[PDB]
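Note that ligands are numbered from 1 as they come in the structure, with each ligand's atoms numbered from 1 the same way. To find a chain, count down the sequence lines: A is the first, B the second, and so on, and within it residues start at 1.
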2 protein chains.
Amino acid sequence: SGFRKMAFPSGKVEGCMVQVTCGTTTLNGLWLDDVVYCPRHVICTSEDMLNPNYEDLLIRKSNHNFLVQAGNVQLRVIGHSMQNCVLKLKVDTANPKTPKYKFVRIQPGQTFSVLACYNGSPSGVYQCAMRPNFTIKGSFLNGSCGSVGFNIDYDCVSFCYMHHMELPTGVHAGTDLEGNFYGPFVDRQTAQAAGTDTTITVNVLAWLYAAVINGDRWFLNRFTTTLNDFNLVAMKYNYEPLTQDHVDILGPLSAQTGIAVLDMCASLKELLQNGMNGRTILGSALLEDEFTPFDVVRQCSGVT
Amino acid sequence: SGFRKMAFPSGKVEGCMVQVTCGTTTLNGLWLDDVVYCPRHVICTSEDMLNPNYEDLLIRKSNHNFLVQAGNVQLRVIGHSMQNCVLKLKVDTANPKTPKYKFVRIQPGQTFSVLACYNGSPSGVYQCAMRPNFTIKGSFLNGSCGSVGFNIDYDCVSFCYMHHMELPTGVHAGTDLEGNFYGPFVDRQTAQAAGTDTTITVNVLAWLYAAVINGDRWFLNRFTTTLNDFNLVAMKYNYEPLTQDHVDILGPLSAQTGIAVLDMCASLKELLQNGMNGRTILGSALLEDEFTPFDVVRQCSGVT
Ligand SMILES: Cc1ccncc1NC(=O)Cc1cncc(Cl)c1
Ligand SMILES: Cc1ccncc1NC(=O)Cc1cncc(Cl)c1
């Protein structure tokens, strides 16, 4: 029992973290096989960031200008290319610590662990969710760029995120490992406002099932609702509309607890309309939306 | 910016996790140098747990009865001894992945990361605090015993906790790495109620400073208080009494923000008396007490 915002064990990612320096800018890189992945803004100076022409900037850069350091050993850069907003630095040595890996572009609402790094060194790990507005509410400071988001399935690390930017609102924007930003963000020091941050309804329901499994049941009511009735409430409270796909993925939680998905929706409806009335659910005084139904199942069963 | 419940990167601990089987009981072990540390209840059967005589049970156990598996390779057990509530299994091979380490007995209020494991395999990592009543509000299921709590200072892992037990209230009790339980708990399947879980006042203040640093300032008021006046409020709200030692450790946060510790105490006093009035602080609708002043400094500066 107990329910925690659990991150994946970061070991497999730690062995991939390197430091990339280009000129006077130092950020993190991800070394997998003989390639180092890093945000292309490593080639920029603070002045360049206002309106960078990355292709023009990359012309003035040679393989020797990219300093890649793994722990304390230097990697020899034998190739460089730009793929969208990431630089792929071909090095002469395959990372001996490269885990089994995939590059995945996650959907909004999906969660992942972040291994926050500075100068190629890991400082901490935390669980995040790709917000519906394609930002992540992370914890990053200057130098954290290049830190990656990932998920792990047994021995395979699915890298899904690379941190690039902090928006003026303190929220974070980044790319998948092909260098494509999540959301409409560009890697430019320009004000880019994020869209409405809606609540990930399916995740809140998944977390409500986790609460029932772990003992917190006060919020269960004598009511039920329909997907349409629930969505009227979800729209008013800036919750993502619930679909039959969401109901389907909540099926294993509904089966374990014996609480129909629409019955749980009615509990969520009442929680939205009446608040928590000073009470808590899994030690939280608000509705947690950064646990997917898969995370709840995984944590509640002990998947390693 | 952004503030997260960050755990230490778990890599150094992952390379120490092994599976220990004694008879039909399998739990986690911590392999450092040529020793494997695990809860002594690994020698128990479910019947034995009701009233175990560990010395009598250990007599019937030989080195060959302890099966220690690291990943998929078997460790040869050349010695066994019981130190308080832990078993130290001397193996013939030093763990090649043993990081620099220390065994530390933490104080209540101090935080640590937990690498939850099942059958010697890590499932996740999360940040915890040793509650003032010496329990931890973790996330553990059957088979998680032997999972360890730790802190990391650059390259040195300070192991502070080993999970042993789940109390009937769903909270967790365990030992330091010398096998001494935190709190009055015994490794017996008997109802052991925990004491009052008070709030770690110094940590809530540290988290309030983290909120100010990151932009959440709505709770700052035009008031101040004294340690004695604050403690009258802290006692009523089952908060730990604040001492001058606590004020001293909040000094670097007070200096960075320019908000005197007693002024922050007055904001906390008002938050206790009036609640949050539907608002949030660092995305939380309650006062977070599982970030020490050291954690706030570390996260807010980027210590790797
Ligand atoms: C200072 C900081 C804090 C947290 N996370 C990231 C950063 N860094 C930046 O945002 C720098 C930057 C500026 N303009 C466009 C890009 Cl691509 C990157
Ligand atoms: C089932 C579970 C869930 C989470 N954490 C731990 C456990 N296991 C136990 O508590 C088993 C146990 C019983 N009596 C005394 C001891 Cl030392 C250990």
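For A:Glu55, the side chain to side chain contact (heavy atoms under 4.5 Å, CB included) partners two or more places apart in sequence, or in a different chain, are A:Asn53, A:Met82. Residues passing the side chain to side chain contact (heavy atoms under 4.5 Å, CB included) test with A:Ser301 are A:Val303, sequence neighbours excluded. Judged as a side chain to side chain contact (heavy atoms under 4.5 Å, CB included), and not counting sequence neighbours, the contacts of B:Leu141 are B:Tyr118.
Centroid-to-centroid, the aromatic rings of B:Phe291 and B:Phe3 come within less than 6.0 Å.
For B:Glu290 and A:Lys5, the salt-bridge test fails: no basic side-chain N is under 4.0 Å from an acidic carboxylate O.
Of the possible donor and acceptor atoms, one in the side chain of A:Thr25 sits under 3.5 Å from a partner among the backbone N and O of A:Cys44.
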Check ligand 1 against the protein and report each N/O to N/O distance under 3.5 Å, formatted as atom name, atom name, distance.
residue, atom, partner, partner atom, Å
ligand 1, 5 (N), A:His163, NE2, 2.7
ligand 1, 10 (O), A:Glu166, N, 2.9

